[PDB]
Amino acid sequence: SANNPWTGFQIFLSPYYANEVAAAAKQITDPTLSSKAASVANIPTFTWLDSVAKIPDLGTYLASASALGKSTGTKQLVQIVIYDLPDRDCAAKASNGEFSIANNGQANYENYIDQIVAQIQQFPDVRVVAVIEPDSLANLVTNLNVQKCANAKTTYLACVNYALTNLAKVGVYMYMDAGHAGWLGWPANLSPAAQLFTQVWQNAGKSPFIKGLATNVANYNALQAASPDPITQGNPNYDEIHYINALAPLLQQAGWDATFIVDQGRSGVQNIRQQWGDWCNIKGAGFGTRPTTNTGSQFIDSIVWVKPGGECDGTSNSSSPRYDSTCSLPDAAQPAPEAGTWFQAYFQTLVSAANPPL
């Protein structure tokens, strides 16, 4: 539409990802490859607020961004992921989320949002873009037969509503997570997805800050595939552009001029999965198209790097209480450490296999 949140702003580069990348690059022994790895610290990524413990760092990023903008004569933009629902990741086998429905989860979640809002409010010269709750509402389209999801449905809706309503009060531009082409882009899932997201948009007052949807977060699909990946058989929407161009008009018919952002951080290498359901540390992934508003689609505000490549998706150690057997499949890089922790060998392949090259 008219207002692309990124235009006119410089993105604040994550200091954390920068530190992870610098440490990683020092261990890469080929000098050229090390140089290209180090340059990844200059590529903007999203900061995941996956626990309350991340909020102090958010405040520092906002303050640092404010100062950097004043020094350079720029307006700065901080990119965050809201990722702390109670009973998080209801259809996964395992979850790291700190809150549970049964232990005051949604009061705890609303406190988490309030702490984030209180930080954002202090730095009104800094713009914030938030992805709202990966791996949440998409479950309410396809996974209500999963009892943890059925029992979490009202909490997921209430908590996402609280996040939208309260982050809008401090002017945050928001994209709700909407899975990917192989989740919600199946033709038959489009209408129930549109109905759900529209409901949610109407429940939070149609705020103009609720810009649309984020897709492919932490996944590996192409934005525009040269040929369909064999895992996509049966689904005409074999890449994110097909998904978005099929879903967006449904949202528009309700009067929501929804726009989209698409993760491409681990999309440089296609045709690397045995099945579309395989999501954990997919082996041979490469860094994909770097973030840009030059998306080549009417519906897409930006290509983004939401999941920071190199941070693990989940452990392959079946003795962990957080084990997920997805992470031991033939297409999952192994052995793999706990989710979120650095996976050095995986990062070096992301660098080596980047497409376009670094």
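If you superpose the two forms and keep the largest set of C-alpha atoms that fall within 1.5 Å, you have the rigid core. Counting begins at 1, following the sequence as shown.
Figure out for me whether 62-70 or 320-328 is the more displaced stretch in 4 other deposited structures of this protein, taking RMS C-alpha distance from the shown form once the rigid core is superposed.
It is 320-328 whose C-alphas lie farther from the shown form in 4 other deposited structures of this protein.
Stretch with larger C-alpha RMS deviation in 4 other deposited structures of this protein, core superposed, 105-113 versus 86-94:
It is 86-94 whose C-alphas lie farther from the shown form in 4 other deposited structures of this protein.
Given the B-factors recorded for C-alpha atoms, which segment has the greater mean, 294-302 or 66-74?
Stretch with the higher mean C-alpha B-factor: 66-74.
Mean C-alpha B-factor comparison - 314-322 and 329-337, higher one:
It is 314-322 that shows the higher mean C-alpha B-factor.
Kindly indicate the residue among 59, 44, 31, 309 with the greatest C-alpha B-factor in the PDB record.
By C-alpha B-factor in the record, 31 ranks first.
Among 212, 286, 124, 208, single out the one with the highest C-alpha B factor in the record, please.
Spelled out: the listed residue with the top C-alpha B-factor is 124.
What third of its chain, lowest, middle or highest, does the C-alpha temperature factor of residue 195 fall into?
It belongs to the middle third of the chain when residues are ordered by C-alpha B-factor.
Could you say whether, by C-alpha temperature factor, residue 49 belongs to the lowest, middle or highest third of its chain?
Residue 49: CA B-factor falls in the lowest third of its chain.
B-factor third for the C-alpha atom of residue 111 within its chain:
Ranked within chain, residue 111 CA B lands in the middle tercile.
Can you tell me whether residue 236 has a C-alpha B-factor in the lowest, middle or highest third compared with the other modelled residues of the same chain?
Residue 236: CA B-factor falls in the middle third of its chain.
Position of residue 180 among the chain's modelled residues by C-alpha B-factor, lowest, middle or highest third
For residue 180, the deposited C-alpha B-factor lands in the lowest third.
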